[PDB]
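S.K.: Structure file query35.cif (mmCIF, C-alpha atoms; chains and numbers go by the auth columns) is given on the next line.
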```cif
data_entry
#
loop_
_atom_site.group_PDB
_atom_site.id
_atom_site.type_symbol
_atom_site.label_atom_id
_atom_site.label_comp_id
_atom_site.label_asym_id
_atom_site.label_seq_id
_atom_site.Cartn_x
_atom_site.Cartn_y
_atom_site.Cartn_z
_atom_site.B_iso_or_equiv
_atom_site.auth_seq_id
_atom_site.auth_asym_id
ATOM 1 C CA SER A 1 9.010 22.951 -10.946 0.00 2 A
ATOM 2 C CA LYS A 2 8.814 22.842 -14.739 0.00 3 A
ATOM 3 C CA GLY A 3 9.183 19.070 -14.505 0.00 4 A
ATOM 4 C CA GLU A 4 6.008 18.620 -12.461 0.00 5 A
ATOM 5 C CA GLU A 5 3.891 19.626 -15.465 0.00 6 A
ATOM 6 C CA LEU A 6 4.905 16.330 -17.137 0.00 7 A
ATOM 7 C CA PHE A 7 3.039 14.415 -14.415 0.00 8 A
ATOM 8 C CA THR A 8 -0.491 15.828 -14.455 0.00 9 A
ATOM 9 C CA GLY A 9 -1.824 12.689 -16.170 0.00 10 A
ATOM 10 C CA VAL A 10 -1.162 8.994 -16.498 0.00 11 A
ATOM 11 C CA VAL A 11 2.261 8.388 -18.075 0.00 12 A
ATOM 12 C CA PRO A 12 3.492 5.148 -19.706 0.00 13 A
ATOM 13 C CA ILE A 13 6.440 3.474 -17.979 0.00 14 A
ATOM 14 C CA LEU A 14 9.149 1.123 -19.271 0.00 15 A
ATOM 15 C CA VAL A 15 11.464 -0.655 -16.831 0.00 16 A
ATOM 16 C CA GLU A 16 14.548 -2.552 -17.992 0.00 17 A
ATOM 17 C CA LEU A 17 16.733 -4.328 -15.456 0.00 18 A
ATOM 18 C CA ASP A 18 19.824 -6.375 -16.244 0.00 19 A
ATOM 19 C CA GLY A 19 21.168 -8.256 -13.249 0.00 20 A
ATOM 20 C CA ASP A 20 24.102 -10.360 -12.139 0.00 21 A
ATOM 21 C CA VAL A 21 23.653 -12.035 -8.737 0.00 22 A
ATOM 22 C CA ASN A 22 26.560 -14.283 -7.776 0.00 23 A
ATOM 23 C CA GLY A 23 27.292 -14.552 -11.519 0.00 24 A
ATOM 24 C CA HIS A 24 23.668 -15.522 -12.267 0.00 25 A
ATOM 25 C CA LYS A 25 22.727 -13.306 -15.221 0.00 26 A
ATOM 26 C CA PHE A 26 19.096 -12.327 -15.706 0.00 27 A
ATOM 27 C CA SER A 27 16.911 -9.627 -17.207 0.00 28 A
ATOM 28 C CA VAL A 28 13.541 -8.160 -16.310 0.00 29 A
ATOM 29 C CA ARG A 29 11.258 -6.050 -18.489 0.00 30 A
ATOM 30 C CA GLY A 30 8.337 -4.127 -17.033 0.00 31 A
ATOM 31 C CA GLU A 31 5.637 -2.084 -18.689 0.00 32 A
ATOM 32 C CA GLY A 32 2.730 -0.162 -17.274 0.00 33 A
ATOM 33 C CA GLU A 33 1.866 3.351 -16.238 0.00 34 A
ATOM 34 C CA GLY A 34 1.983 5.806 -13.382 0.00 35 A
ATOM 35 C CA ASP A 35 -0.102 8.709 -12.176 0.00 36 A
ATOM 36 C CA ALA A 36 1.415 11.197 -9.757 0.00 37 A
ATOM 37 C CA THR A 37 -2.077 12.664 -9.189 0.00 38 A
ATOM 38 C CA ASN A 38 -2.924 9.747 -6.889 0.00 39 A
ATOM 39 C CA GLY A 39 0.560 8.235 -6.625 0.00 40 A
ATOM 40 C CA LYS A 40 -0.583 5.054 -8.367 0.00 41 A
ATOM 41 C CA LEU A 41 1.714 2.707 -10.280 0.00 42 A
ATOM 42 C CA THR A 42 0.429 -0.318 -12.217 0.00 43 A
ATOM 43 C CA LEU A 43 3.040 -2.507 -13.880 0.00 44 A
ATOM 44 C CA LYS A 44 3.695 -6.048 -15.003 0.00 45 A
ATOM 45 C CA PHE A 45 7.246 -7.392 -14.943 0.00 46 A
ATOM 46 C CA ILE A 46 8.579 -10.420 -16.798 0.00 47 A
ATOM 47 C CA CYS A 47 11.865 -12.241 -16.342 0.00 48 A
ATOM 48 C CA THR A 48 12.928 -12.526 -19.971 0.00 49 A
ATOM 49 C CA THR A 49 15.777 -14.959 -19.291 0.00 50 A
ATOM 50 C CA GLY A 50 13.806 -17.747 -17.594 0.00 51 A
ATOM 51 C CA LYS A 51 13.151 -18.119 -13.881 0.00 52 A
ATOM 52 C CA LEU A 52 14.039 -15.076 -11.798 0.00 53 A
ATOM 53 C CA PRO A 53 17.061 -16.260 -9.753 0.00 54 A
ATOM 54 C CA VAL A 54 16.187 -14.046 -6.763 0.00 55 A
ATOM 55 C CA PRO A 55 12.746 -13.467 -5.138 0.00 56 A
ATOM 56 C CA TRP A 56 10.483 -10.991 -6.943 0.00 57 A
ATOM 57 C CA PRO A 57 9.751 -9.047 -3.714 0.00 58 A
ATOM 58 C CA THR A 58 13.434 -8.195 -3.332 0.00 59 A
ATOM 59 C CA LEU A 59 13.385 -6.266 -6.639 0.00 60 A
ATOM 60 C CA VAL A 60 10.325 -4.076 -5.953 0.00 61 A
ATOM 61 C CA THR A 61 12.268 -1.093 -4.642 0.00 62 A
ATOM 62 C CA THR A 62 14.737 -1.282 -7.545 0.00 63 A
ATOM 63 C CA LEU A 63 12.096 -1.662 -10.276 0.00 64 A
ATOM 64 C CA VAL A 64 10.170 5.582 -10.192 0.00 68 A
ATOM 65 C CA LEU A 65 9.747 8.031 -7.312 0.00 69 A
ATOM 66 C CA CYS A 66 8.838 10.843 -9.720 0.00 70 A
ATOM 67 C CA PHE A 67 5.327 9.294 -9.560 0.00 71 A
ATOM 68 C CA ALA A 68 4.952 9.892 -5.826 0.00 72 A
ATOM 69 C CA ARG A 69 2.023 12.127 -4.954 0.00 73 A
ATOM 70 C CA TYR A 70 3.328 15.307 -3.357 0.00 74 A
ATOM 71 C CA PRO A 71 0.564 17.267 -1.586 0.00 75 A
ATOM 72 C CA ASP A 72 0.095 20.819 -2.836 0.00 76 A
ATOM 73 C CA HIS A 73 1.856 22.313 0.174 0.00 77 A
ATOM 74 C CA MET A 74 4.903 20.057 -0.396 0.00 78 A
ATOM 75 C CA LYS A 75 5.344 20.643 -4.146 0.00 79 A
ATOM 76 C CA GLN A 76 8.478 22.717 -3.524 0.00 80 A
ATOM 77 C CA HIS A 77 10.147 19.613 -2.018 0.00 81 A
ATOM 78 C CA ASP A 78 9.695 17.246 -5.004 0.00 82 A
ATOM 79 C CA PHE A 79 13.233 16.694 -6.240 0.00 83 A
ATOM 80 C CA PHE A 80 12.228 13.804 -8.457 0.00 84 A
ATOM 81 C CA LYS A 81 9.883 15.703 -10.786 0.00 85 A
ATOM 82 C CA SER A 82 12.080 18.811 -10.756 0.00 86 A
ATOM 83 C CA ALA A 83 14.879 16.819 -12.418 0.00 87 A
ATOM 84 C CA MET A 84 12.617 15.808 -15.306 0.00 88 A
ATOM 85 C CA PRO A 85 12.573 15.408 -18.217 0.00 89 A
ATOM 86 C CA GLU A 86 16.356 15.015 -18.255 0.00 90 A
ATOM 87 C CA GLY A 87 16.015 12.712 -15.260 0.00 91 A
ATOM 88 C CA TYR A 88 18.227 11.500 -12.472 0.00 92 A
ATOM 89 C CA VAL A 89 20.618 8.738 -11.538 0.00 93 A
ATOM 90 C CA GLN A 90 19.417 6.560 -8.666 0.00 94 A
ATOM 91 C CA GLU A 91 22.047 4.411 -6.947 0.00 95 A
ATOM 92 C CA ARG A 92 21.559 1.997 -4.070 0.00 96 A
ATOM 93 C CA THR A 93 23.265 -0.547 -1.912 0.00 97 A
ATOM 94 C CA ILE A 94 20.722 -3.040 -0.531 0.00 98 A
ATOM 95 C CA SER A 95 22.160 -5.229 2.235 0.00 99 A
ATOM 96 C CA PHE A 96 20.216 -8.352 3.183 0.00 100 A
ATOM 97 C CA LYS A 97 20.835 -9.166 6.825 0.00 101 A
ATOM 98 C CA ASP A 98 22.922 -12.331 7.243 0.00 102 A
ATOM 99 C CA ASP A 99 23.191 -12.594 3.444 0.00 103 A
ATOM 100 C CA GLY A 100 24.563 -10.788 0.394 0.00 104 A
ATOM 101 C CA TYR A 101 23.925 -7.360 -1.067 0.00 105 A
ATOM 102 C CA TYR A 102 22.728 -5.700 -4.245 0.00 106 A
ATOM 103 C CA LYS A 103 24.429 -2.696 -5.824 0.00 107 A
ATOM 104 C CA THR A 104 22.169 -0.892 -8.278 0.00 108 A
ATOM 105 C CA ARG A 105 22.681 1.969 -10.715 0.00 109 A
ATOM 106 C CA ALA A 106 19.661 3.297 -12.546 0.00 110 A
ATOM 107 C CA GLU A 107 18.713 6.165 -14.789 0.00 111 A
ATOM 108 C CA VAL A 108 15.158 7.472 -14.621 0.00 112 A
ATOM 109 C CA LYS A 109 14.268 9.812 -17.473 0.00 113 A
ATOM 110 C CA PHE A 110 11.857 10.444 -20.311 0.00 114 A
ATOM 111 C CA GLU A 111 12.622 8.671 -23.596 0.00 115 A
ATOM 112 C CA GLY A 112 9.985 10.256 -25.781 0.00 116 A
ATOM 113 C CA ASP A 113 6.641 10.240 -23.981 0.00 117 A
ATOM 114 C CA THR A 114 7.623 7.254 -21.799 0.00 118 A
ATOM 115 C CA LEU A 115 9.204 7.431 -18.366 0.00 119 A
ATOM 116 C CA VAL A 116 12.004 4.874 -18.432 0.00 120 A
ATOM 117 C CA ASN A 117 13.809 3.281 -15.488 0.00 121 A
ATOM 118 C CA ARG A 118 16.901 1.444 -16.746 0.00 122 A
ATOM 119 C CA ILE A 119 18.840 -0.436 -14.072 0.00 123 A
ATOM 120 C CA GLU A 120 22.069 -2.412 -13.817 0.00 124 A
ATOM 121 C CA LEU A 121 22.062 -4.620 -10.719 0.00 125 A
ATOM 122 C CA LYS A 122 24.978 -6.569 -9.238 0.00 126 A
ATOM 123 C CA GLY A 123 24.552 -8.936 -6.305 0.00 127 A
ATOM 124 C CA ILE A 124 27.420 -10.551 -4.452 0.00 128 A
ATOM 125 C CA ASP A 125 28.057 -12.776 -1.450 0.00 129 A
ATOM 126 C CA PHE A 126 24.625 -14.425 -1.459 0.00 130 A
ATOM 127 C CA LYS A 127 24.495 -17.646 0.501 0.00 131 A
ATOM 128 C CA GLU A 128 23.720 -21.036 -0.883 0.00 132 A
ATOM 129 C CA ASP A 129 20.410 -22.175 0.591 0.00 133 A
ATOM 130 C CA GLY A 130 19.744 -18.676 1.942 0.00 134 A
ATOM 131 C CA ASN A 131 16.463 -16.813 1.627 0.00 135 A
ATOM 132 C CA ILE A 132 17.475 -15.070 -1.595 0.00 136 A
ATOM 133 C CA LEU A 133 19.098 -17.748 -3.764 0.00 137 A
ATOM 134 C CA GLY A 134 16.807 -20.336 -2.159 0.00 138 A
ATOM 135 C CA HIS A 135 13.618 -18.365 -2.815 0.00 139 A
ATOM 136 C CA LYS A 136 12.417 -18.587 0.785 0.00 140 A
ATOM 137 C CA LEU A 137 10.588 -15.255 0.833 0.00 141 A
ATOM 138 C CA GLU A 138 6.820 -15.006 0.798 0.00 142 A
ATOM 139 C CA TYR A 139 5.253 -13.373 -2.239 0.00 143 A
ATOM 140 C CA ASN A 140 3.841 -10.425 -0.318 0.00 144 A
ATOM 141 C CA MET A 141 4.533 -6.842 0.754 0.00 145 A
ATOM 142 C CA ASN A 142 4.858 -4.722 3.861 0.00 146 A
ATOM 143 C CA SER A 143 3.883 -1.039 3.673 0.00 147 A
ATOM 144 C CA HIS A 144 6.869 1.191 4.389 0.00 148 A
ATOM 145 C CA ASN A 145 8.026 4.765 4.941 0.00 149 A
ATOM 146 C CA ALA A 146 11.276 6.025 3.362 0.00 150 A
ATOM 147 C CA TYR A 147 12.796 9.282 4.659 0.00 151 A
ATOM 148 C CA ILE A 148 14.270 11.700 2.109 0.00 152 A
ATOM 149 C CA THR A 149 17.001 14.215 2.915 0.00 153 A
ATOM 150 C CA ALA A 150 18.755 16.789 0.755 0.00 154 A
ATOM 151 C CA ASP A 151 22.344 16.087 -0.294 0.00 155 A
ATOM 152 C CA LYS A 152 23.454 19.611 -1.162 0.00 156 A
ATOM 153 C CA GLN A 153 27.087 18.630 -1.795 0.00 157 A
ATOM 154 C CA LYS A 154 25.818 16.495 -4.708 0.00 158 A
ATOM 155 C CA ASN A 155 22.828 18.670 -5.739 0.00 159 A
ATOM 156 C CA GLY A 156 20.591 15.704 -4.996 0.00 160 A
ATOM 157 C CA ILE A 157 18.859 13.650 -2.351 0.00 161 A
ATOM 158 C CA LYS A 158 19.815 10.617 -0.019 0.00 162 A
ATOM 159 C CA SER A 159 17.609 8.098 1.711 0.00 163 A
ATOM 160 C CA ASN A 160 18.255 5.196 4.085 0.00 164 A
ATOM 161 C CA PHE A 161 15.407 2.800 4.856 0.00 165 A
ATOM 162 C CA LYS A 162 14.806 -0.837 5.791 0.00 166 A
ATOM 163 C CA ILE A 163 12.440 -3.174 3.930 0.00 167 A
ATOM 164 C CA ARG A 164 10.975 -6.098 5.911 0.00 168 A
ATOM 165 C CA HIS A 165 10.618 -9.233 3.768 0.00 169 A
ATOM 166 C CA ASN A 166 8.557 -12.032 5.277 0.00 170 A
ATOM 167 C CA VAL A 167 10.291 -15.419 5.254 0.00 171 A
ATOM 168 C CA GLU A 168 8.408 -18.662 4.758 0.00 172 A
ATOM 169 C CA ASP A 169 9.175 -19.816 8.331 0.00 173 A
ATOM 170 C CA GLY A 170 7.650 -16.707 9.916 0.00 174 A
ATOM 171 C CA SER A 171 10.952 -14.876 10.387 0.00 175 A
ATOM 172 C CA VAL A 172 11.715 -11.548 8.727 0.00 176 A
ATOM 173 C CA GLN A 173 14.585 -10.785 6.308 0.00 177 A
ATOM 174 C CA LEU A 174 15.655 -7.127 6.519 0.00 178 A
ATOM 175 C CA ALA A 175 16.977 -5.350 3.428 0.00 179 A
ATOM 176 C CA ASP A 176 18.815 -2.167 4.432 0.00 180 A
ATOM 177 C CA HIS A 177 18.768 0.365 1.584 0.00 181 A
ATOM 178 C CA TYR A 178 21.239 3.242 1.174 0.00 182 A
ATOM 179 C CA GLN A 179 20.163 5.421 -1.759 0.00 183 A
ATOM 180 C CA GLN A 180 21.521 8.479 -3.510 0.00 184 A
ATOM 181 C CA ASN A 181 20.030 10.409 -6.418 0.00 185 A
ATOM 182 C CA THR A 182 21.641 13.061 -8.611 0.00 186 A
ATOM 183 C CA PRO A 183 20.228 15.019 -11.562 0.00 187 A
ATOM 184 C CA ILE A 184 21.332 14.134 -15.076 0.00 188 A
ATOM 185 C CA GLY A 185 20.772 17.651 -16.415 0.00 189 A
ATOM 186 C CA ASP A 186 22.292 20.964 -15.396 0.00 190 A
ATOM 187 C CA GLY A 187 19.052 22.879 -14.815 0.00 191 A
ATOM 188 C CA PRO A 188 17.862 23.879 -11.370 0.00 192 A
ATOM 189 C CA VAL A 189 16.376 21.205 -9.119 0.00 193 A
ATOM 190 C CA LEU A 190 14.428 21.352 -5.867 0.00 194 A
ATOM 191 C CA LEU A 191 16.434 20.269 -2.809 0.00 195 A
ATOM 192 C CA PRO A 192 13.860 19.242 -0.223 0.00 196 A
ATOM 193 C CA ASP A 193 13.400 19.757 3.429 0.00 197 A
ATOM 194 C CA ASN A 194 13.284 16.479 5.309 0.00 198 A
ATOM 195 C CA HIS A 195 10.145 14.443 4.591 0.00 199 A
ATOM 196 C CA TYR A 196 9.186 10.872 3.805 0.00 200 A
ATOM 197 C CA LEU A 197 7.453 8.747 1.188 0.00 201 A
ATOM 198 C CA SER A 198 4.818 6.230 2.292 0.00 202 A
ATOM 199 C CA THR A 199 4.075 3.128 0.211 0.00 203 A
ATOM 200 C CA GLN A 200 1.128 0.743 0.011 0.00 204 A
ATOM 201 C CA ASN A 201 1.345 -1.988 -2.594 0.00 205 A
ATOM 202 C CA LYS A 202 0.120 -5.351 -3.850 0.00 206 A
ATOM 203 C CA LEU A 203 1.991 -8.185 -5.610 0.00 207 A
ATOM 204 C CA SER A 204 -0.092 -10.514 -7.759 0.00 208 A
ATOM 205 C CA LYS A 205 0.013 -12.867 -10.736 0.00 209 A
ATOM 206 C CA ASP A 206 -1.534 -12.763 -14.199 0.00 210 A
ATOM 207 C CA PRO A 207 -3.354 -16.115 -14.497 0.00 211 A
ATOM 208 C CA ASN A 208 -2.650 -16.237 -18.238 0.00 212 A
ATOM 209 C CA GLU A 209 1.094 -15.463 -18.065 0.00 213 A
ATOM 210 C CA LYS A 210 3.326 -18.524 -18.432 0.00 214 A
ATOM 211 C CA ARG A 211 6.625 -16.708 -17.867 0.00 215 A
ATOM 212 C CA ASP A 212 7.994 -15.936 -14.421 0.00 216 A
ATOM 213 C CA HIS A 213 6.494 -12.559 -13.643 0.00 217 A
ATOM 214 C CA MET A 214 5.120 -10.079 -11.119 0.00 218 A
ATOM 215 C CA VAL A 215 2.076 -7.837 -11.368 0.00 219 A
ATOM 216 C CA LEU A 216 2.566 -4.807 -9.136 0.00 220 A
ATOM 217 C CA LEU A 217 0.287 -2.082 -7.807 0.00 221 A
ATOM 218 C CA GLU A 218 2.056 0.562 -5.721 0.00 222 A
ATOM 219 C CA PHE A 219 0.793 3.804 -4.148 0.00 223 A
ATOM 220 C CA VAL A 220 3.484 6.278 -3.096 0.00 224 A
ATOM 221 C CA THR A 221 2.569 9.424 -1.132 0.00 225 A
ATOM 222 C CA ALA A 222 4.841 12.146 0.224 0.00 226 A
ATOM 223 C CA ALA A 223 4.227 13.200 3.814 0.00 227 A
ATOM 224 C CA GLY A 224 5.844 14.720 6.864 0.00 228 A
ATOM 225 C CA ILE A 225 5.677 18.473 6.163 0.00 229 A
ATOM 226 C CA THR A 226 2.521 20.066 7.565 0.00 230 A
ATOM 227 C CA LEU A 227 0.688 23.372 7.293 0.00 231 A
#
```
Rewrite the coordinates I just gave you, this time as structure tokens.
M.R.:
Amino acid sequence: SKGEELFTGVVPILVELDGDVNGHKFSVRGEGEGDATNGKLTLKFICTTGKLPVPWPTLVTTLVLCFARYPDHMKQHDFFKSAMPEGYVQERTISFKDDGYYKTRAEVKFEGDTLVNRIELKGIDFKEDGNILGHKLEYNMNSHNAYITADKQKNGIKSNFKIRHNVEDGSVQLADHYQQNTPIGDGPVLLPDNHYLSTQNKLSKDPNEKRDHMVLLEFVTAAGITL
């Protein structure tokens, strides 16, 4: 794709999320960089409105799949870069089992030389004293695979995948994601054969940051189409 040429080096990233969870309004700003060569993302996120009123791990998937590393033989299946620089809309419903759900609408596009992910998030039906509003999730990560399928009727891609959040009592809190992406521009995009994205990541803290925050490292690699 023409868009893939924008990803041969490390690219600065800006993430802006405005959220409303059960009427709790909050904002997150993230800044860092991504390299599709190795699939590596390094970002730091800050809640700019005070304490984050949901658990940081539940926002990881919402807070830039154009930085996934597509192997050479899979380059023709990289929808996300093909839509650049004009970008794409990424929409999700994220349903937390036995709890509420997030609805997210994001635009991922270049604004100058920076790849920007701007998200509006709405959460409803979260339970008082549940794992989300009660912050009962461990500050940690499970590696995942997310399967990507073409959505030709929308000139885009869909994905359904479950995230497993560890709860403080040793249970697991599933977050079932339904995702759709559509190009912002009118130019040609690559509609992929079925494949998946594999993630390995790491959530940490900046010992000198006083605000509520999350330091994130995430590798994303495309797989599932062989020679």
S.K.: Taking the file as shown, find all residues satisfying the PyMOL selection byres ((chain A and resi 70-77) around 7) and write them as a list in words.
M.R.: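 Evaluating the PyMOL selection byres ((chain A and resi 70-77) around 7) on this file yields residues 35, 36, 37, 38, 39, 40, 68, 69, 78, 79, 82, 84, 85, 224, 225 and 226 of chain A.
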S.K.: Name the residues that the PyMOL selection byres ((chain A and resi 146-154) around 6) pulls out of this structure, and write them as a PyMOL selection string.
M.R.: chain A and resi 145+155-156+161-163+165+195-196+198-204
S.K.: List, as a ChimeraX atom specification, every residue that the PyMOL selection byres ((chain A and resi 49) around 9) selects in the file provided.
M.R.: /A:27-30,47-48,50-53,215-216
S.K.: Convert the current residue selection to file output with C-alpha atoms, as a PDB file, in the frame of the given file.
M.R.:
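Result saved to selection_8.pdb:
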```
ATOM      1  CA  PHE A  27      19.096 -12.327 -15.706  1.00  0.00           C
ATOM      2  CA  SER A  28      16.911  -9.627 -17.207  1.00  0.00           C
ATOM      3  CA  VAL A  29      13.541  -8.160 -16.310  1.00  0.00           C
ATOM      4  CA  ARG A  30      11.258  -6.050 -18.489  1.00  0.00           C
ATOM      5  CA  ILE A  47       8.579 -10.420 -16.798  1.00  0.00           C
ATOM      6  CA  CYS A  48      11.865 -12.241 -16.342  1.00  0.00           C
ATOM      7  CA  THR A  50      15.777 -14.959 -19.291  1.00  0.00           C
ATOM      8  CA  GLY A  51      13.806 -17.747 -17.594  1.00  0.00           C
ATOM      9  CA  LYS A  52      13.151 -18.119 -13.881  1.00  0.00           C
ATOM     10  CA  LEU A  53      14.039 -15.076 -11.798  1.00  0.00           C
ATOM     11  CA  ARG A 215       6.625 -16.708 -17.867  1.00  0.00           C
ATOM     12  CA  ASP A 216       7.994 -15.936 -14.421  1.00  0.00           C
TER      13      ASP A 216
END
```
S.K.: Have a look at A:175, A:157, A:23, A:212 and name the one nearest to residue 125 (chain A); count only C-alpha atoms.
M.R.: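 For residue 125 (chain A), the nearest of the given residues is A:23.
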S.K.: Leaving out residue 54 (chain A) and any residue of its chain fewer than 3 positions from it, which residues lie within 8 Å of it when counting all atoms listed in the file, given as a PyMOL selection string?
M.R.: chain A and resi 22+25+27+137
S.K.: Taking a cut-off of 12 Å and counting only C-alpha atoms, can you build a table that, for each residue of region 162-222 of chain A near region 94-110 of chain A, reports the nearest atom pair and how far apart they are in Å (one decimal), sorted by chain then residue number, as a tab-separated table?
M.R.:
```
residue	atom	partner	partner_atom	distance
A:162	CA	A:94	CA	9.6
A:163	CA	A:96	CA	9.3
A:164	CA	A:96	CA	9.4
A:165	CA	A:98	CA	9.6
A:166	CA	A:98	CA	8.9
A:167	CA	A:100	CA	9.4
A:168	CA	A:100	CA	9.9
A:169	CA	A:100	CA	9.7
A:175	CA	A:101	CA	12.0
A:176	CA	A:101	CA	9.6
A:177	CA	A:101	CA	6.5
A:178	CA	A:101	CA	5.6
A:179	CA	A:100	CA	4.4
A:180	CA	A:99	CA	5.0
A:181	CA	A:98	CA	4.5
A:182	CA	A:97	CA	5.3
A:183	CA	A:96	CA	4.4
A:184	CA	A:95	CA	5.4
A:185	CA	A:94	CA	4.5
A:186	CA	A:94	CA	6.9
A:187	CA	A:94	CA	9.0
A:188	CA	A:94	CA	10.1
```
